[PDB]
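In the structure tokens that follow, a single protein chain appears in two forms: structure 1, then structure 2.
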Structure 1
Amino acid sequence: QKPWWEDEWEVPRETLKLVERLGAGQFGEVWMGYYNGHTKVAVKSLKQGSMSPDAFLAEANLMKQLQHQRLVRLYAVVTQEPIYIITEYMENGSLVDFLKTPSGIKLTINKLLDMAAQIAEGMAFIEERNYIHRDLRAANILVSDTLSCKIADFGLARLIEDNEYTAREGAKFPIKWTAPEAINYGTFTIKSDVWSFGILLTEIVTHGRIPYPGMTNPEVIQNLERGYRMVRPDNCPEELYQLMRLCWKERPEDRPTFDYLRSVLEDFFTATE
């Protein structure tokens, strides 16, 4: 990269004021704050010694490569300890939480379909740029004050050289959200994200409910291997459920592109008003 003294993303720590802590965890904190007095930003800070700082900053570096309306935008970095990654502030927080607030509860199927399409749109850009996300799920979609959605959390996002990223055989991923090939072989492609997109669609129509209701991970694995897919969620339009099924096709290459998912969901949207 460019060194910190020539990096257009580096800002002096003084330009930032941390105002409200939104979360804390093993590897640091997330705050709402302001850049230069007036500009609302989210600030993620690294707990010294909790993890490699090269590992922490690799998220920012990848976000320098993936700039788009539909993706949470890198705002800046402070590369001295404690290391900050500063990003586009999203006023309604994560999709999984928002769908449960009183504003979320009152959204029509029309608006949920609209949101689903905005997410596919952001994933179509990622697809086109030869990236994969690997952590696609309602928890990693953020919602703006105008009820628009953006992809977030690029900690696991990877650029593909040859269609395929292969994780280490020590690597664990969430069972309900991760395509079978990635769980079984550690192999991820944009088609693994497509599968995750299908699961994410269930979280949208159930207002944030956990996938595969009443099932353990071993039950989900066993069911999938029989050829079953997730039971029809309550109140899921059958069109949307069949779209989910496409994302969950056995062979990765039979699963649709994100551009197709996008166009299909816009049609579903324009036809529900």
Structure 2
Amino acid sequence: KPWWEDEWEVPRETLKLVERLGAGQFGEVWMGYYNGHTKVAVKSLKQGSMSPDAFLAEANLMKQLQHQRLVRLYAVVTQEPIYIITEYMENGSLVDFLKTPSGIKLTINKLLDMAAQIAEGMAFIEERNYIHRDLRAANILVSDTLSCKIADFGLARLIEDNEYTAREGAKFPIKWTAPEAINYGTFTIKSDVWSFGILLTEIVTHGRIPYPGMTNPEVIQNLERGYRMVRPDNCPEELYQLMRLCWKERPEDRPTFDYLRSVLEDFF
């Protein structure tokens, strides 16, 4: 099928990829320019590491799950080497942006609005009957207008295994993962709600790492004891209490992203 019949497919020629943001054991991620006028992020598949159709499976969801609060698919190149292209965000990821001087200037009101947007897109993902699995500030992109786009960069499969590790379990961010996911490998949307609560502490603490003063092993040990993160300084007790709802022990007792979105929106 001709590429101009499609809304996504573009001739590889339209792409001048310039910098290698991050390569792994399934392909690289470059920054480059589409027809010279737009800068874009380009995910490429390396041959052999996986099915061409398995790579495209992602691109395909992105077509189907378009939404203002999701990172929007920009273009795709199907032939090998395969590219998935989105647009580049000069503000970067939420966790990065928060630590910038302009990020640190953000008001609690603006922070809460971004949280609301993140909840909003998660609510859409829930509504479309998917989950995220790695919902945290590192997979959130900040737009030019300072709104938040939910991304999934495949952060986990992006790290190369070393001589010292041989886990054949699951891969997940210890400090963001609900205990039922840690213990029983059961990841659900309610599992993402947990992550969202931890994400909230990142938002309200300039992108600070969760569970300050605890190693990932320590974190898991304390989770077994029912331990919950301490309310970040200056973080409003009400917001914290909202976090505590995201960290209910039983996943079904945790709010929905709709409720989260709602509470967040009319918070002030």
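Definition used throughout: the rigid core is the maximal C-alpha set that superposes within 1.5 Å between two forms. Throughout, residue numbering runs from 1 along the sequence of structure 1.
Annotation: the position in 97, 135, 181, 164 displaced by at least 2 Å at CA between the two structures, with the core superposed, corresponds to 164. Remark: with the core as the superposition reference, the CA shift of residue 47 between the two structures reaches 2 Å or more. In the core-superposed comparison between the two structures, the C-alpha atom of residue 34 has shifted by at least 2 angstroms.
Residue 260 is not among the residues whose C-alpha shifts by 2 Å or more between the two structures once the rigid core is aligned; its shift stays under 2 Å.
Core superposition places the Cα of residue 24 4.5 Å apart between the two structures. With both forms fitted on their core, the C-alpha atom of residue 58 sits 2.7 Å from where it sits in the other form; this compares the forms between the two structures.
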